[PDB]
Structure formats: structure tokens, C-alpha cells
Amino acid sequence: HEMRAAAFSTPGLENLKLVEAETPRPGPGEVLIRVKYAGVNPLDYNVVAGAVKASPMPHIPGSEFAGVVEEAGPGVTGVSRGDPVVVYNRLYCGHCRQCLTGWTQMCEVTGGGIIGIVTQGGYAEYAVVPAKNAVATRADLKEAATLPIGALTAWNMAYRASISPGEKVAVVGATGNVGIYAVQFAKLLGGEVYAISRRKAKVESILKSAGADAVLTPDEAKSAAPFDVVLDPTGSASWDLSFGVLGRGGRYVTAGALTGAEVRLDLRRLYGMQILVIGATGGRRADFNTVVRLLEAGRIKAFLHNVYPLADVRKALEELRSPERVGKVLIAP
């Protein structure tokens, strides 16, 4: 049997093509998913662009997705055909020091390898993943597909920031896929949350309904300093502001380098202020369960921008640069 898929044999958004692919088949411990929705993320854009190398080639991208189990492989229990699932996107062995402490995204054995990057992903009608990565959910699958990358990454960032109730928390890029959940989880944890945006005027009512106590331009951020925590995955163009608005014991937490990876760090201010500069990536397997349950209970919300058919995958990827996008862009195969 065969399937529709978006694939590229050489990198470049222009080489991403609708094709007819061989439908994959789950082996032991694997399930085959009929994909209902896949998110559109910087990660996916960058796999397509070649900035992140992929296997196998030619490659089907798509690391954030949800759908219905079509077939359980040999020996799979716990998930069965017809189950609506959402996929944890990190391959983990379950037996290394990192997996056994809960840090399955840091797996020493798989190298943190990511579904849709070191496997064929979900911009496709079907995808195979390990059964243990498929989390059964009763949530609307559009909303679920915003969880594996956006919500979970934001969760892990907020968890590693050690937010105490009443602490002031700035979220940089609060309008983005990660940010908009970063606002929510910082509020969940008791923070007073200041959402930072270069388009405050358009976005203020949205970010407040995400739970922001205040929306600030970058300039307003400077005056409102100091903050106890800055959650900022946007990279080096934000560094002078985000590093400079921290107070004593302030924690800068990043999981991305959107505008560049290299920053000039003043160790004298790092130690003079007792600041912590903290890396976060992906999220823990147990935390992904929590984030799913919280969506299902309505304690967090999914902000959707637009759903594209699989054939418009290119237009969908471009919509990531749209100055009007607030919310998640989805592909529906």
C-alpha cells in the first residue's frame, strides 16, 4: 500500500514536494498512526531547509503530530487500533542514567534523536513511532497536536526555572508556539507573568487570555525590571534585554536560538548578581503525560491560527514568518 506524503530529496523549502510514498509498517514495539494533525514549527522549517540534517533521505519531515492508531506491531499492549493518540517526539531507551531519572529527552543511548528528524515524520498520511511514545488522549486532536513541541517545551522551560509563587516572570516571544504556553505554565506555577512582544498592540488581548498579567513591549520590559525569571528561547538578538532585566538570583531559561546562538556573557555580572543561565530542551516523558491531562481537563488552552491541507505544506511552512500569525499552524493530511 502507498500514501501521500511531503518529502524532500535535497534540502530547501522549494524542494519539499507532495509525493506518493510507500506506507510504513510497524515492527515489534511500534504502532502505525494515521496522522490527523501535524504542527508547523521552526524545527520542521529548519529540517526542510537543511539547517538540521535528517535521515532517512529522501525525508518526510514533521516532528509534532497526533492521530489514530491504525495498527499495533508485534507484542504491543497498552495502545490498540482506533485509539486517538498524540506522540512524544523523543526516542528514549528507558535504561540509561538520563531515562531512569526522568530526563528521557537527554537519553544517552538515542542521543536525544527526534521523531521526524531521524525518522520519517508526520507530514504524511501515516507514520510509525514506538508504541511507548504514543499517548492516548480524549482531547480534540487539533489541540493535541500543539503539545509535543510547543506546550511540552514551554513546560520543561518553566519547570527548570524554579518559579516561586509571586515571582515576576517575563516571557520573551510570548506570541510564538512555545511562548503562548510559556505564559500559561508560568501562571499555573504562581508567577506574575509579563508577556513580551514587539506587536503589543495587536496581541495584548490574546496574551491576557493566555494568562498574562501584563503585555509589554521590549522597551516597557526594560523599565519594569527587575524580573526573577526570563523565559526566552528567541536567542542572541534578545540577550542584552533578557540578561539585563534579571535581578538577584534571576534565572534566564532558553530552549532555542531563533535569532542566533552566540551571546557575549559577562561573568562578573553573572556572579555578582547570582544569576543562573539555564538550558532546556524538549521535555520529560512523564511531563508530556501531565501536559496532555491538563489540556484534556481544560486547564491549558490551544491557540490555533490556521489549518492547511497536506498539499499546501509549503504555504503552511511560510506562514511561520507571517507578522500576523499568533497561534499554531497545523497540517491536516
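Quick note: we count residues from 1 along the sequence shown, nothing fancier.
- Relative to one another, 290 to 298 and 45 to 53 have unequal mean CA B-factors, and 45 to 53 is the one with the higher figure.
- Comparing the deposited coordinates for 188 to 196 and 72 to 80, the stretch with the larger average C-alpha B-factor is 72 to 80.
- Per the deposited record, the Cα B-factor of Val277 falls in the lowest third when ranked against the other modelled residues of its chain.
- Among the modelled residues of its chain, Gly122 has a C-alpha B-factor that falls in the lowest third according to the deposited record.
- Looking at the C-alpha B-factors along this chain, the one for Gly211 belongs to the middle third.
- Among the modelled residues of the chain, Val307 sits in the highest third by CA temperature factor in this PDB entry.
- Annotation for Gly283: CA B-factor lies in the lowest third of the chain's modelled residues.
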